[PDB]
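Below is one structure; the comments refer to it alone.
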Amino acid sequence: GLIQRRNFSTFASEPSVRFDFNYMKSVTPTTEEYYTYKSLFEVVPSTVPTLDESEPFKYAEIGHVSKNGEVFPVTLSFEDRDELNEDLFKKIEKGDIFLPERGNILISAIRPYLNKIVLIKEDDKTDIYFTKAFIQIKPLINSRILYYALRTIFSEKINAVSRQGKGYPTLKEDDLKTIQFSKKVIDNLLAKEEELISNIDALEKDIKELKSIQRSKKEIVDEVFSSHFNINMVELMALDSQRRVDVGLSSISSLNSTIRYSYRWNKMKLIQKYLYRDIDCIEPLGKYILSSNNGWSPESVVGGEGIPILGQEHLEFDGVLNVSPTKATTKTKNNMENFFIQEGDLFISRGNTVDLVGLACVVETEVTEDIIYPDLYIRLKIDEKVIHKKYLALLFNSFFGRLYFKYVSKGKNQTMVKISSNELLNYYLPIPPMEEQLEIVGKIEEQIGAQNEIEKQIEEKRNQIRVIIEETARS
Amino acid sequence: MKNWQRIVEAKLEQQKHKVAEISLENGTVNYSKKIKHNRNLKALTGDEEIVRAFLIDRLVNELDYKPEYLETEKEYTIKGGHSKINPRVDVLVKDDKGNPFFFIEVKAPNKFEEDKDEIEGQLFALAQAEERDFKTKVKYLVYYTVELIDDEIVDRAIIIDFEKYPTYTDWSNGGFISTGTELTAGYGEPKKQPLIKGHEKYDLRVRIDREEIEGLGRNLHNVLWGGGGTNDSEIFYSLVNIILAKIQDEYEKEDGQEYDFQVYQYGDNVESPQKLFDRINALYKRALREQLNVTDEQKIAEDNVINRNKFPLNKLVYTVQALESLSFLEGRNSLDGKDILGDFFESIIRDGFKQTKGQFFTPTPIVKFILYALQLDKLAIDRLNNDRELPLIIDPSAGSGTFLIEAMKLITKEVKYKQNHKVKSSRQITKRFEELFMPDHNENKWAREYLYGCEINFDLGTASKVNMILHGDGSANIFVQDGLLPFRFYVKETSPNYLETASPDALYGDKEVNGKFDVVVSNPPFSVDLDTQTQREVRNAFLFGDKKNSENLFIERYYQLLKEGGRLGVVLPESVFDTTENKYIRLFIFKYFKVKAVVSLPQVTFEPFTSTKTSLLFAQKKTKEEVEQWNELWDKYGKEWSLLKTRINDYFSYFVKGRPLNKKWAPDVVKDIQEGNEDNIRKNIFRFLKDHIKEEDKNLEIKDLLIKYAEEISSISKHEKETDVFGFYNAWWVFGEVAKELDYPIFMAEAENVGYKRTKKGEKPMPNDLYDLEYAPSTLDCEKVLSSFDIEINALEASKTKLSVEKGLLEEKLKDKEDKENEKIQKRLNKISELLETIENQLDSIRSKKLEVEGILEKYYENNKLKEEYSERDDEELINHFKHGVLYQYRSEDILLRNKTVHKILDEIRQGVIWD
Ligand SMILES: C[S@@+](CC[C@H](N)C(=O)[O-])C[C@H]1O[C@@H](n2cnc3c(N)ncnc32)[C@H](O)[C@@H]1O
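As you go down the protein sequences, you meet chains C and A in turn.
Quick note on the deposited numbering: the first sequence kicks off at 2 and runs consecutively.
Quick note on the deposited numbering: the second sequence kicks off at 1 and runs consecutively.
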């Protein structure tokens with residue numbers, strides 16, 4: 002419910018004579034002093050830089066970059082030929098790689114409403130390789146001021162010149178050059194630069210303190226499980242880092258049933274014997290497993306306007322699947338009945354790094370739209386009367402499962418190791434009464450809600466920064 | 001007050017033998033004391049008692065059956081589930097040998113349609129227990145009821161044999177395989193009597209009420225779909241074929257000849273595989289031969305009615321019985337001739353048809369908003385008052401004919417009922433109105449010559465044609481051909497064909513233009529796929545034939561359909577409004593159409609089917625004079641653009657490329673340079689760069705200015721690619737200069753919520769930003785509302801009178817008798833008396849709410865009509881009153897047209913936009 006009543010002549014304000022509710026909400030009869038991109042920026046054309054294949058590189062594709070402006074690169078090497086990395090390499094070899102300079106602000110060119118703006122500054126010596134669809138601009142004026150302005154003030158203009166079409170909003174270099182920047186706001190920012198930058202520096206220092214005091218999910222799960230089971234972590238770190246095991250002949254045939262003797266299997270058995278020493282009620286997972294179904298994912302491209310698919314980063318240590326698909330498959334299959342994600346399901350990670358392999362998650366939010374879960378996943382249906390769905394995920398994300406899966410995994414490289422269903426059948430668990438499982442889940446949930454309070458304070462600080470910038474610019 | 005109650009009373013009074021009696025004054029029912037009854041029934045619980053009494057009287061008096069052989073209310077103690085239930089039988093008819101020949105169960109007419117599954121739970125168990133215990137042989141289970149045909153009550157019986165179909169799986173093949181519709185006297189074999197056309201005794205049913213129709217749709221859905229849900233294909237289209245065959249046969253039959261859509265059971269058993277399939281296939285062949293424009297014998301040769309493996313004929317035989325008694329083509333006649341079968345069609349349209357990507361139906365909230373935003377109602381009214389005609393409407397992408405159906409309903413419900421006072425009473429206008437709208441049975445008959453359509457799909461085309469038959473049009477205008485075909489290819493050999501005509505247009509480019517349709521409403525498909533065999537031909541009739549955006553050819557069709565002043569209200573995707581490659585089509589709409597409004601629909605308006613953003617374009621075709629002015633302005637400013645480009649490229653060549661300042665290459669440039677006039681040079685540079693320029697650049701020199709701008713010079717200098725419809729000029733520069741002269745305001749709006757949330761699992765409404773409903777009717781009968789509450793109060797007052805009389809008489813016996821054991825009776829009568837005061841108290845509460853409803857009535861309705869101060873309907877109290885509290889009924893769900901206040905987008909579109 003917003004009526005604008007524009008004029009015909011205002012349609013010819015853009016070279017492609019657009020007319021739609023967006024970009025004409027922004028086009029206004031009132032005229033003010035303004036700046037163009039010639040005075041505030043300059044678009045740096047993309048170039049393909051030479052790279053050593055052996056030396057690892059840090060790469061990100063839109064999703065790794067967070068909305069708050071912190072990059073989460075992945076470290077990859079050319080000669081890995083990793084199974085998940087095949088499509089990334091195919092993209093990179095065609096020129097889909099980028100080396101930003103220092104002091105330049107990177108702007109995402111896909112879904113600008115997510116505010117995925119990144120500042121690259123001289124402070125960080127390490128250089129990050131970025132994907133394309135990032136518009137590097139060199140700020141003639143102080144880079145930090147323009148970074149803060151584009152993130153908060155001039156975001157409406159950037160959203161205006163974005164073109165949706167049939168699909169999702171996109172941004173283009175010419176459209177970016179089309180944006181009109183107010184004289185008064187920029188002049189006020191330049192006049193109060195010193196005070197404003199000092200204020201933002203203080204607020205970001207407070208943010209970094211709050212981030213330092215925050216404690217990670219893996220530590221939460223490990224500490225809760227260790228406290229409940231009285232496990233001593235330093236003892237495990239002493240036993241796990243041995244590299245020498247003296248194995249007796251009689252020890253071979255202990256819950257083995259296949260007479261497997263190997264360094265990895267016997268190390269795992271020794272660690273399990275240390276873990277399950279005081280703990281009782283150890284039981285196999287094959288008795289209480291109902292079924293296991295491996296998902297499968299066809300060829301796909303980032304976007305594609307098809308049925309959505311997940312990624313390997315969506316798995317979390319808390320045991321909750323953070324649903325936020327970035328890519329989709331445009332072509333259709335013959336059968337998709339069980340390839341969608343449902344509520345209250347257990348998903349297991351088959352192929353990943355030796356650390357994050359066998360990671361388990363539970364879908365708790367409302368699925369609504371059907372979404373395809375990739376091949377590197379297992380849907381696990383279990384006996385609900387004896388074992389709770391989230392307790393298994395928390396155990397797998399705990400060191401209890403990490404230690405088992407670092408030795409059971411069979412992979413051709415440390416970057417990807419693939420587990421199967423056979424060890425899931427043969428895995429041994431501490432399975433206390435369901436009351437104990439619910440108590441453990443409750444402790445984890447409360448200790449995670451505390452951390453949630455910490456990051457909500459963090460966005461409180463972020464909103465304070467935004468308010469300071471807006472009040473400085475307005476008057 | 002129902003007349004048939006008096007008819008039944010008179011018929012029972014005329015009977016010689018008083019074996020069953022009813023007294024309405026005392027509300028009592030009396031039967032012969034010879035028949036044993038386990039309970040003393042003395043109160044009228046509903047119409048079921050009257051029906052049972054009438055049936056008993058008819059059986060005893062007319063069919064010469066001894067009343068003593070009939071047994072009522074025989075009690076058995078049965079074990080149901082984990083508890084004990086005590087059901088009783090209504091009617092038992094046994095022969096002289098003691099075998100129960102007839103097990104008749106009577107059900108109330110109110111729940112007759114709904115209570116069909118209970119036959120499994122309340123009848124089968126008793127029969128099984130009887131056969132297990134008493135070793136009896138049940139030959140035919142018989143269910144009897146009354147059927148209202150031509151306002152006459154007749155028998156209607158269903159006959160099921162348990163011996164014939166022992167197992168539940170076998171029973172599925174039966175599909176309403178009952179012996180006969182009506183019974184036979186003298187123990188004769190039941191015979192099904194075909195419905196002879198135009199024969200007074202047996203005919204099709206009219207005046208069908210809703211309560212039988214929603215239940216009918218429900219159980220046919222449950223049977224045919226069987227809980228499958230939505231997987232489309234044979235479950236849906238087969239019903240369409242059966243209904244089409246029914247329409248065809250009801251059309252081709254003559255008076256005195258029975259219908260072929262009837263099952264014959266002269267031999268007590270019909271062969272469902274063969275006899276039904278032969279007749280239905282012949283009927284569907286005749287349907288495709290006559291109703292759907294023949295489609296040539298070549299198509300009929302490969303035609304097939306149903307799928308042999310996929311669609312068993314048992315459901316076909318089941319549905320033949322359900323749909324035989326109904327009158328699909330002409331009957332209707334529900335609630336003073338209004339359509340009931342049409343709503344019976346949108347039910348099943350919404351459920352049985354699974355919709356996916358590439359097959360959408362435009363939601364009704366958007367369709368009616370589009371139709372009302374064009375002011376179609378007042379357009380039709382003004383056209384009828386001035387030109388004595390109705391506007392010509394076409395949907396070249398009709399699909400299920402949603403737009404045409406809602407347009408027909410709008411015109412009929414606006415020119416006749418709601419905005420009737422607008423039309424003139426002049427003799428010729430009155431005669432035209434009589435010819436168009438007056439016949440109540442055929443009020444939707446103007447659509448024969450006015451509504452047009454086009455759908456490329458044969459299945460959807462057939463479905464739309466059948467729906468249009470059901471509503472009342474007659475179809476004959478929904479072509480099942482492609483919408484982009486040349487005009488001469490639209491032939492139907494019927495009432496005058498407006499779509500076949502064509503002519504060349506000078507301003508359009510000497511291509512074919514129809515120009516006969518007043519209004520075009522459509523939802524053109526995204527990424528239409530052109531037919532490969534006709535593409536080389538059809539793409540030659542459009543200006544932008546080969547621009548790789550085939551869907552943008554539809555926007556051209558509208559220009560070829562509308563006449564000067566036609567109204568366009570199509571639903572375009574957002575790509576037309578923003579994408580750069582569509583810049584050509586946006587320069588088409590601007591040239592020929594007067595863009596009057598654009599509405600930005602939200603993302604969820606078509607979810608979950610598609611997530612693409614769409615918008616609404618309301619435009620009006622320009623006259624020839626306006627296009628001529630546009631052309632003259634375009635040429636006038638293109639000359640300036642050419643001369644300016646020449647001068648600017650000359651300057652840019654001189655100042656960096658350094659060509660000599662000779663005479664022959666530019667006269668004005670060399671004259672100004674030698675005369676030393678840089679002011680004119682700066683003026684020319686400014687005029688060329690009318691955009692991308694700032695006032696401060698006035699201080700720059702003729703060197704640094706050019707070296708600073710550079711790329712804008714090259715961008716402006718490049719002319720358009722089309723070069724055939726735009727010429728050798730820059731589209732943007734000349735368009736800006738032209739639109740400066742021809743500037744006019746344009747309404748633009750956005751909708752945040754469209755009143756619904758469509759998802760796979762369910763439906764959740766939200767506030768509707770597009771429009772608001774009336775809620776409060778513009779015409780409500782005070783007399784009817786008062787008479788309603790009067791009838792409930794009178795019905796309860798009869799009971800309060802008889803209960804008071806009986807309690808008084810019981811008190812009289814209490815005073816008379818010695819009260820030895822009568823004290824318990826005194827306590828019982830005291831308890832029922834106290835119940836009488838409690839029911840009187842709740843009746844007094846009913847009286848209080850009746851009085852407050854009356855107060856509301858004179859507060860809002862004066863002279864039995866809503867008065868003008870609430871006509872705009874901003875009153876929150878009235879809306880709250882009608883959204884609950886017995887005022888939920890009556891009510892009006894029509895879109896509210898506000899002439900005073902602007903609250904929703906439709907109000908501003910209807911008020912602040914001036915057409916013509
Ligand atoms: C977009 S849907 C909705 C149409 C209509 N508004 C409705 O609700 O029924 C129309 C469908 O009919 C088809 N259609 C209509 N006209 C067509 C044509 N001229 N050529 C090809 N397909 C057409 C399209 O494929 C599309 O899937």
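All C-beta atoms in this analysis are idealised placements derived from N, C-alpha and C, irrespective of residue type, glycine included.
Under the 8 Å Cβ criterion, the region 204-216 of chain C does not count as touching the region 377-384 of chain C, having fewer than three qualifying pairs. Between the alpha carbons of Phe-577/A and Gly-345/C lies a distance of about 42 Å. Contact holds between the region 365-381 of chain A and the region 553-571 of chain A, because three or more Cβ pairs, one in each stretch, are under 8 Å apart.
Rounded to the nearest angstrom, the Cβ distance from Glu-131/A to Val-138/A is 7 Å, consistent with a contact under 8 Å.
At a threshold of 7 Å, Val-528/A counts as near ligand 1, since its beta carbon sits closer than that to one of the ligand's heavy atoms. Distance from the CA of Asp-83/C to the CA of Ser-55/C, rounded to the nearest whole angstrom, comes to 14 Å.
CA-to-CA, the gap between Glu-25/A and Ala-798/A works out to about 8 Å.
With fewer than 16 other CB atoms across the displayed protein chains lying within 10 angstroms of its CB, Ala-203/C is exposed. When C-beta atoms of the region 464-483 of chain A are compared with those of the region 393-409 of chain A, three or more pairs fall below 8 Å, so the two segments count as touching.
When only Cα atoms are considered, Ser-32/A and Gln-15/A end up about 15 Å apart.
Judged by their CB atoms, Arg-557/A and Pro-396/A are nearer to each other than the 8 Å cut-off. In the DSSP assignment, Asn-677/A falls outside any alpha helix (DSSP H) and carries neither an H nor an E. Ranked by how close their Cα comes to the Cα of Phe-401/C, the residues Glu-460/C, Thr-416/C and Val-222/C have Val-222/C in first place. Short note on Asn-457/A: C-beta closer than 7 Å to some heavy atom of ligand 1. DSSP places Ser-183/C in the strand class (E or B) of the three-state scheme. At a cut-off of 8 Å between C-beta atoms, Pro-573/A counts as an interface residue with respect to chain C.
By the beta-carbon neighbour count (other beta carbons within 10 angstroms, threshold 16), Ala-239/C is exposed. Contact of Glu-157/C with chain A by beta-carbon distance below 9 Å is absent, the smallest such distance being about 15 Å. Shown here for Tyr-284/A: same chain residues with a beta carbon closer than 7 Å to its own, the five before and five after excluded, namely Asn-241, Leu-244, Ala-245 and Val-305 in chain order. With 16 or more other Cβ atoms inside 10 Å of its own Cβ, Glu-15/C counts as buried. With a threshold of 8 Å between beta carbons, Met-1/A makes no contact with chain C. Within 7 Å of the CB of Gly-345/C, no CB atom of chain A is found; the nearest one sits about 16 Å away.
Beta-bridge partners of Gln-415/C (DSSP): none assigned.
Judged by DSSP in its simplified three-state form, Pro-309/C adopts strand. Between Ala-394/C and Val-363/C, the C-beta spacing is below 8 Å. In the structure shown, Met-468/A adopts helical secondary structure according to DSSP, grouped into three states. For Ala-749/A and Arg-164/C, the gap between their C-alpha atoms comes out near 18 Å. Runs of the alpha helix (DSSP H) lying entirely within the region 100-176 of chain A, each at least 4 residues long, are 118-122, 124-133 and 168-171 in chain order.
For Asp-351/A, the CB stays at least 7 Å from every heavy atom of ligand 1. Look at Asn-281/A here: in three-state DSSP terms it is helix.
A Cβ-Cβ contact shorter than 8 Å links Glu-752/A with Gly-2/C. According to DSSP, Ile-78/A shares a beta bridge with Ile-85/A. Under the DSSP assignment, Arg-567/A falls in the beta strand (DSSP E) whose first and last residues are 562-568.
One thing to note: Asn-398/C has its Cβ no nearer than 8 Å to the Cβ of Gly-287/C. Distances from the CB of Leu-484/A to the heavy atoms of ligand 1 include at least one below 7 Å. Nearest C-alpha to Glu-182/A among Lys-18/A, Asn-477/A, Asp-531/A and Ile-158/A: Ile-158/A.
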